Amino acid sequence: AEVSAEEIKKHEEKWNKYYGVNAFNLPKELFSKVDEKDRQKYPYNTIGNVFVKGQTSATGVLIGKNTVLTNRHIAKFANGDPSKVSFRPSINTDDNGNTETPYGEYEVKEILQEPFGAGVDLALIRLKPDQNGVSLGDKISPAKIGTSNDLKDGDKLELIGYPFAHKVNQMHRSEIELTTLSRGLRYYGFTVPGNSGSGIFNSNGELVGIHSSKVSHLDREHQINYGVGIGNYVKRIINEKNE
């Protein structure tokens, strides 16, 4: 299917809203740092930084009492070794050398590297409770798990995660706009690779997908964001495996 030059031009112009200026110069409506008070509330408080030994850190979402959803491509670098992964919910490192971890840093008990299949870029990370026996989901309500079934082309959603290449250990939100949904979640929006595993939320605060990567779009020379929606299969597996 040859896409028309007109459609390519429309795509380039829309994509350029997010990438045509420096990320620091983006309008706050499209991309902004989550401030200290906002990190305290839902859904931002479900978002954490996934550290994997030898890799730059990425994002994950607390979805159960001890369970974090992230990308398979992020979890795979642990080589199945839970000692190589840690989860830092609402970590914030300011620009002046101070890190806060209001809920502590969580060790990992088990990695489910590909419970949705190798071609579905999602992984489950099961956390140990803290040293006093307190699970992360005891301190914070996990994200409400929604569905991708009601999403439509043009829908605006909120993507929340840790855009490492832009700022290290600083939660940011990005407004995304869904496009062509026939092949899964694709969307306009500002992301960087640390956003892998970011939560995508609707206005009701329901998790409807997880950011994955960028993929070619329309032709081989253009691209779009891709995420994994909480579709019928993904929701079924989450409900089987969550804890």
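When you see a residue number, it is the position in the sequence shown, counting from 1.
Of the two segments, 112-120 and 132-140, the one listed with the higher mean B-factor is 112-120 (C-alpha atoms only). Two stretches are in play, 159-167 and 77-85, and the higher mean C-alpha B-factor belongs to 77-85.
Across the residues 213, 56, 174, 179, the deposited record lists the maximum Cα B factor for 56. Each of 209, 197, 193, 48 has a CA temperature factor in the record; the biggest one is found at 193.
Among all modelled residues in this chain, the alpha-carbon of residue 127 has a temperature factor (C-alpha) in the lowest third.
For residue 69, the recorded CA temperature factor ranks within the lowest third of the chain's modelled residues. The deposited CA B-factor of residue 234 belongs to the middle third of values across its chain. When the CA B factors of the chain's modelled residues are split into thirds, the value for residue 60 lands in the lowest one. When all modelled residues of the chain are sorted by CA temperature factor, residue 222 is found within the lowest third.
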